[PDB]
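Chains as they are written, first to last, in the deposited numbering: chain D, 323 to 701; chain C, 323 to 701; chain B, 323 to 701; chain E, 323 to 701.
To start, the structure itself, in structure tokens.
There are 4 protein chains.
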Amino acid sequence: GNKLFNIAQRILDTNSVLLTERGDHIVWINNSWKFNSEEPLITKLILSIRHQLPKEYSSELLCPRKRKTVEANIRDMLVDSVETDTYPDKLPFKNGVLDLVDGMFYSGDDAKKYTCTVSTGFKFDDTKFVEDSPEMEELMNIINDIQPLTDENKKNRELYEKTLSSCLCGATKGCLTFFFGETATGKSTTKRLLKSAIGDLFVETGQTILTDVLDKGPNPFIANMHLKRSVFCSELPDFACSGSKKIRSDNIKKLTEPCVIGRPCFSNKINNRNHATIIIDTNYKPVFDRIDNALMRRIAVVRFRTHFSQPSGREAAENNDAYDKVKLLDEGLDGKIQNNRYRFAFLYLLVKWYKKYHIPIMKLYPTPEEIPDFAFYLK
Amino acid sequence: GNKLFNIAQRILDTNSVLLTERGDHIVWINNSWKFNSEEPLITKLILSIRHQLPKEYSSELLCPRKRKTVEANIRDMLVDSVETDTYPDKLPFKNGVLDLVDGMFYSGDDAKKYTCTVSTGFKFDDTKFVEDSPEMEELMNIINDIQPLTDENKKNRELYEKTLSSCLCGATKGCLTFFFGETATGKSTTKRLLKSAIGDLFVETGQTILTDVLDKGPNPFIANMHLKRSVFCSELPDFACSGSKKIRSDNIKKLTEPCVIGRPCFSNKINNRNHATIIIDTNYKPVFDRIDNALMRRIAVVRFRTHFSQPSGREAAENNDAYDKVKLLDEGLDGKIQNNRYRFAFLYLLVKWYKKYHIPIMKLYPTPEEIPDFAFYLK
Amino acid sequence: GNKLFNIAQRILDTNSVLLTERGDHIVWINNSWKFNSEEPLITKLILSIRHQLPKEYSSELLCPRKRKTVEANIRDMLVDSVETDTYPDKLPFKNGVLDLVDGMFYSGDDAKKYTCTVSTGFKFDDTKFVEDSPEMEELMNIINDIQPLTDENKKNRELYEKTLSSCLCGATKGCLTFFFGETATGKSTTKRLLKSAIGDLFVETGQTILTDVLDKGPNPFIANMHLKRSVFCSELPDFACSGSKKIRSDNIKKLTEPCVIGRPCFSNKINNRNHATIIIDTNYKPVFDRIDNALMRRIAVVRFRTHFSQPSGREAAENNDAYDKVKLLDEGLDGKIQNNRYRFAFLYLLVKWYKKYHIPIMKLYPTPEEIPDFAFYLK
Amino acid sequence: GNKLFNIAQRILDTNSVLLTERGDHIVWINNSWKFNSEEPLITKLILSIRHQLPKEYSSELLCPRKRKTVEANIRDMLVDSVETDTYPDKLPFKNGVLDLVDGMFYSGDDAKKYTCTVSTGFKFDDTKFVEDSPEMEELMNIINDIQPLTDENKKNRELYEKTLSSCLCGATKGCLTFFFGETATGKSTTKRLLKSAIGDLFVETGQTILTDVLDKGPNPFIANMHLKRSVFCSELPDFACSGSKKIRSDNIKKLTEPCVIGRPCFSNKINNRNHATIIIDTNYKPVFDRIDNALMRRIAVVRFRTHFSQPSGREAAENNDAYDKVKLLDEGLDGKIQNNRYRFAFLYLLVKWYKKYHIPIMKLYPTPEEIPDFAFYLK
DNA sequence: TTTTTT
Ligand SMILES: Nc1ncnc2c1ncn2[C@@H]1O[C@H](COP(=O)(O)OP(=O)(O)OP(=O)(O)O)[C@@H](O)[C@H]1O
Ligand SMILES: Nc1ncnc2c1ncn2[C@@H]1O[C@H](COP(=O)(O)OP(=O)(O)OP(=O)(O)O)[C@@H](O)[C@H]1O
Ligand SMILES: Nc1ncnc2c1ncn2[C@@H]1O[C@H](COP(=O)(O)OP(=O)(O)OP(=O)(O)O)[C@@H](O)[C@H]1O
Ligand SMILES: Nc1ncnc2c1ncn2[C@@H]1O[C@H](COP(=O)(O)OP(=O)(O)O)[C@@H](O)[C@H]1O
Ligand SMILES: [Mg+2]
Ligand SMILES: [Mg+2]
Ligand SMILES: [Mg+2]
């Protein structure tokens, strides 16, 4: 019958268009699933895939109204919804998905059955994903400077590696990590390194998600954690002064389930999938309002005890108590981190740690033996 | 006359399009009633049903403009409205509806008179609906290790079975159930098992539906309860501190009526049908602003008294009063629960329980003798 | 000359389309005046009336574009508006209009001169409108159980009958009736019986109209009171505690006028005709911010003093003060009420009460000898 | 084959239209990367570029329908997102981008590869960018008057020059500078000079961003800092009064990060780029809530020691202990400053200073030894 | 303030 109907049937046969649960129409272009709500991408996919059709059918696919007719025919054939993000050991990129169980990097048709929606936003460069490189040497030097691998800092180093590496798998975690340390110790440098490593799967929200009710009214901070694999809560304010609200234990206990409750502005969606590895950048000891067994089993803390300073404050840092080693500060480090110099090296280090630690199963274990408030309860 | 008008008349003769009370246009495709408020589905139904018409009539159902013309013709014939979800003991799936009185599964045109708008979303596979299976044995062991069938725990076990089986019927209930218990006991595991069992007929709202006014302004947390067969209000906070809002008895009174008043954003419809078995996952025993007879007969409480722990703190938990039986924590249990492995077995168990308990008639009976606050008013 | 203009003139000459003061376009199809905002029914009317036209004109009336053109022609002829709903003693049904002065039921064009906009939503069947029937006996027994016809309960019985029967007349009532009583007495049963009786002339709204202003912003809770003949506001909160807002006498005084000010979303029509009988289901004596004689002549109270109980707690209820009679609860009553078993019987009883009471003139009256707050001002 | 498709290809491959990460389209007309979300400038670009095509292609760019078709065809070719504002050493004007490495100024296609979004708002005129001019001499006299270049005031002079010159590059600053001085000293003079120099890349808001939280509710002051290169904080109230708000340290720590978290009204985007130099205009010694080493490395203070007054209080100014030199006040300065008589002269001075100081890298240093509150902790 | 708008 109609020629454009055959075009729609052929586009549907290759299985490039899917109907999601939320009602969006995800397409498959440039080896990455993409979607949008205000402007659907069906016509973009049609024009892109034009080339893979027979000769007499390609020339028919240039007039915009014919493309619109093909899209209208396509939209009348998608009746069944398909769920997304069911594989929790994959790291999708802009040109494929990097498998984590064995380090292979699929692309094209091979990297298609893993229906991943979110993506890092940048392509994968296999040349720089090699272990031996000067960038790897510099990165290893920096990592060892931040967390020295001595015997007194063994369990701390293992916890640091495990927590940092947990930011790759897209599963649900069950513990919160506190980056405790003094001033100018390396927390923000680690944050920026991780952000450059994973890219789009990393958001930074405010402290409001910890001490305020997250049910009444809109709360876009909760709504922006949808399908993210890492969330940072930086600069926790001190509580030694008055007027500062305590950390609600209910909020912590509500941030470790596969579905958190919260809605964005002007919308009615109230369910958010929770794949986030929540890390809190603090400067002082945290204080809570209620303490019980249900809270002490969901808290972990790693300590940074290496101070980077200038020659001016060398004697001040040497005689301090919160530091165990003093090192020379560097100026170009903060400069060339944003330029994505240690990106692929850190990615390789993270995947190596992931395959070393979480290969059978991924899980985080609380360490409540470090907080004095919980040390009192260790009765 | 116009051949398109004949097409519309033939489509209407098959009784596939219906005009519901709220003003939607439900269709009948893939053995399930579907509807969407944003985009109509009449064109999809026309395209899908083009096959059941003579050969000369099929060729006109290909051009989208003709399909829109037929949709416009159909929309000007539905004058009289009908109501949906009149039978409360039928479970609608994505490819049929399963009867609950005798376990018979209907499909096709036979499963059409029961106008069930809602659906679980996943198809029915009778090959996995049998009693003999290793999955059934594992699920039975898990259930018996969560709520043991000893003599001391007989009434609690039967109340647990009754409450869980009540999540299948499609009529109004009259009791709120609290899943009271200590930490690491088996509450969230039961919640996730039920979610895997009943699929999409299971929503999770915040605690604002309990300690806040649900009338003024928008409130999608109430508007999403429309025709839901189960509702969870998880993770209740403690009320022994300051500024802790008590549970308003007015909300509890309202949540047990056939109509719950509340509207979503950008809409005018304010009435919502209530089919939900409200279950609250709490950790401390609740306290209300006032206690009276009208609140005495609308609350039931079950107890979970089996702690799961790792060999680390085994003796620390064995020396506690809050537990009656200590077992070993299993890691992969949640991993294979999220994969929907114990879905159909638990569905079969739920059907068996419902047929054992509520087959003559369905009702829930309160247990007010569990709350010390309620105990004082009868002391 | 033109042809579609002749068809439009013929349609208008039959006097089937009218323009209201609010600016709507009411349509006379299937023996009922219908109207809707989202979907204009003029095309539906054209398609329905196609049958009573000359044959050479009927075939022209099948293309949707031609129907749209005829609708556009019709919309440009209605220059003068016509008032609606001026007869206050008519009950409009889905298949005609039932009189309330002599019990006769008109149909067809005879029941067209009464411009009735709203409708009950269900058809009228004279087969079940008889006096002798087992359902009538059951309903009479239930009514006598809820309100015994004793000498001490004589005035309350007649006030209850008058208040229930006042929900049929489409005029303005200047009194608010309170359903004051203790738990498990039968207020909800009466509400459900009334709802099954009248049908769509019954709206339930939240308590936000009694404790919050009804002017600021959109307020569909008040905007849905337009031409509704009954309004119920159950689950009245207690006020003995702190933080409970008292009932504003301003709202009560404003709700007793033939025009309440309130607007729905997406509209500018802020005038609402009040034909409702406001009834409140309460369990405590209501309180207000201030008490005055102007609030005295608008409030009436009936008392429910028949506790229904299961055999488990028969003795405890028998030893109570706030009850005068204890009976056995029936589980199937609420189940079979939802099936509209006692619909036409209660309709006939209400018609009989209306013919007995309000035939000369209809007016509600206050009983200020019930509320202790008002008894203070009578001291 | 097709003819408009080749036109769209020619428009695309010349790299004139680009897609941003937020979903908007930026075009290139009038030598500026302007964009509008409501008015698409694609048609304007097509009609402007029609001159650079063969004579047989121009005739098809006259019908508005054909230009709309070309726009629609172009919109279906932008698949990959492009990030903007990556070069931190380019100052964008309205008619081109001025480089800072060598002082050369580009325009047209040259100043196009640098995807600059924001702009100063005024055109660049090379004829007024000379080194010798009466405006240069008057401006140099003013600058030497406000900050005398004595050996007692050498470090302060160069620190002032560095802080002023830092307001050109688009990197991320890491220090806050206090323009602490007495009244009528010349702080507003420098503010107005800078505002005339850089124009649109300069905003001034209230002091609330220093004594308030930055997470609760909306914060339009944060959304105003997006891609701004200089922020001036004036009208700082005295703190030695009663109940005066204290400068919150947490705001200072959160205001020096590459991304500040905060959402504007009615919006959901919570991330913001921090390219702005923060200069605070106080009058007295600032007091904070808490002093710690984390606040020691984010504070810089310059001193103004030249008072201006009329001969009225000449002896009072000459005898005051807080000044170092007093001169005669001028009235026409604020007249010709608002007429931008010292616009390009100050710009050239700023460019010279930037080339002198921050040509290898950009970095601002703190100076903790200028406030006694910070001299207390020398122990 | 948001929602409502628009
Ligand atoms: N391995 C390293 N080698 C050289 N310099 C380093 C190294 N790690 C960090 N630095 C530098 O030392 C400083 C450490 O800053 P850091 O990231 O600890 O700050 P922060 O966590 O934001 O501080 P605070 O807790 O005071 O707010 C930075 O100037 C950084 O460039
Ligand atoms: N029968 C079983 N055998 C072994 N492990 C089990 C069994 N049932 C549950 N578990 C595991 O024991 C743990 C119990 O955790 P659960 O989700 O029940 O906690 P919870 O009731 O939500 O806790 P809290 O009150 O602290 O929030 C889970 O890891 C679950 O997988
Ligand atoms: N005549 C009757 N005989 C037997 N049972 C009856 C009779 N009338 C009502 N009932 C039953 O008694 C119960 C009355 O409960 P109902 O919901 O009417 O109480 P209520 O007064 O609204 O309660 P509350 O104010 O506490 O919410 C229902 O189960 C109803 O079916
Ligand atoms: N170098 C100068 N030469 C002439 N007049 C000056 C000079 N510096 C400041 N003034 C005059 O002093 C007046 C007030 O100075 P102002 O910039 O307001 O000081 P502050 O910023 O401390 O309030 C201005 O109107 C300006 O004309
Ligand atoms: Mg840092
Ligand atoms: Mg739990
Ligand atoms: Mg009630």
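The beta-carbon is built from N, C-alpha and C at its ideal position, and this holds for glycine as well.
For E382/D and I329/D, the gap between their C-alpha atoms comes out near 9 Å. In this structure, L655/E lies away from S631/E, with their beta-carbon atoms at least 8 Å apart.
At a cut-off of 8 Å, the C-beta of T391/D has a neighbouring C-beta in chain C.
Around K390/E, the same chain offers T365 as residues with beta carbons nearer than 8 Å, after the five sequence neighbours per side are excluded.
For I368/E, the nearest beta carbon of chain D is not closer than 8 Å to its own beta carbon. Residue state for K388/D is assigned as helix, using DSSP reduced to three classes. Taking the Cβ of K658/B as the reference point, every heavy atom of ligand 3 lies at 7 Å or farther away. Here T533/E is near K568/E, since their CB atoms are less than 8 Å apart. Under the 8 Å Cβ criterion, the region 582-599 of chain B does not count as touching the region 607-619 of chain B, having fewer than three qualifying pairs.
Between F446/D and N466/D, the C-beta spacing is not below 8 Å. With a 10 Å radius around the Cβ and a threshold of 16 neighbouring Cβ atoms, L672/B comes out buried. For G496/D against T578/D, the beta-carbon gap comes to about 5 Å, under 8 Å, which counts as contact. Taking the Cα positions, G657/E is about 25 Å away from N605/E. Contacts between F327/E and chain D, judged by CB atoms closer than 7 Å, involve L384 in chain order. The beta carbons of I396/E and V349/E sit about 10 Å from each other, so the pair does not count as a contact at 8 Å. Every unbroken stretch of the alpha helix (DSSP H) spanning 4 or more residues and falling wholly within the region 596-638 of chain E is given here in chain order: 615-618. Against chain D, the beta carbon of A545/C has neighbours under 9 Å at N590, listed in chain order. Leaving aside the five residues that flank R514/E on each side, the residues in its chain whose CB is nearer than 7 Å to its CB run, in chain order, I659.
Sorted by position in the chain, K509/B, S510/B, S556/B and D603/B make up the residues whose C-beta lies under 6 Å from a heavy atom of ligand 7. Note that the region 480-495 of chain C touches the region 543-561 of chain C; at least 3 beta-carbon pairs, one per stretch, sit closer than 8 Å.
Annotation: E526/E is outside any alpha helix (DSSP H); the continuous beta strand (DSSP E) that includes it extends over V525 to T527. Contact annotation: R585/C and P688/C have beta-carbon atoms that are not nearer than 8 Å. Straight through space, the alpha carbons of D411/B and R570/B are spaced by roughly 32 Å. Residue range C581 to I583 is occupied by the beta strand (DSSP E) that includes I583/D. Scanning its chain for C-beta atoms nearer than 6 Å, with the 5 sequence neighbours on each side dropped, one finds around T406/B the residues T342, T437 and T439, in chain order. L413/B sits in a strand when the DSSP states are folded into three classes. Annotated as proximal: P470/B and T628/B, with beta-carbon spacing under 8 Å. From the listed residues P376/C, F415/C, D432/C and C385/C, the smallest Cα separation to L669/C is found for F415/C. Sequence-distant Cβ neighbours of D537/B in its own chain, meaning closer than 7 Å and more than five residues away, are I583. Contact between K591/C and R387/C does not hold, since their C-beta atoms are separated by about 33 Å, which reaches or exceeds 8 Å.
Considered as a whole, the region 462-519 of chain B harbours 498-503 as its complete beta strand (DSSP E) runs of no fewer than 3 residues, in chain order. Among the residues of the region 333-356 of chain C, those with a Cβ less than 9 Å away from any Cβ of chain D are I351, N352 and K356, in the order of the chain.
In this structure, the straight-line span from the alpha carbon of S455/D to that of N661/E is close to 58 Å. Taking 8 Å as the Cβ-Cβ cut-off, the region 594-617 of chain C approaches chain B at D611, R612, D614, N615 and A616, given in chain order. Taking every protein chain shown into account, the CB of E361/C has fewer than 16 other CB atoms within 10 angstroms, so this residue is exposed.
Per DSSP, reduced to three states, the secondary structure at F696/E is helical.
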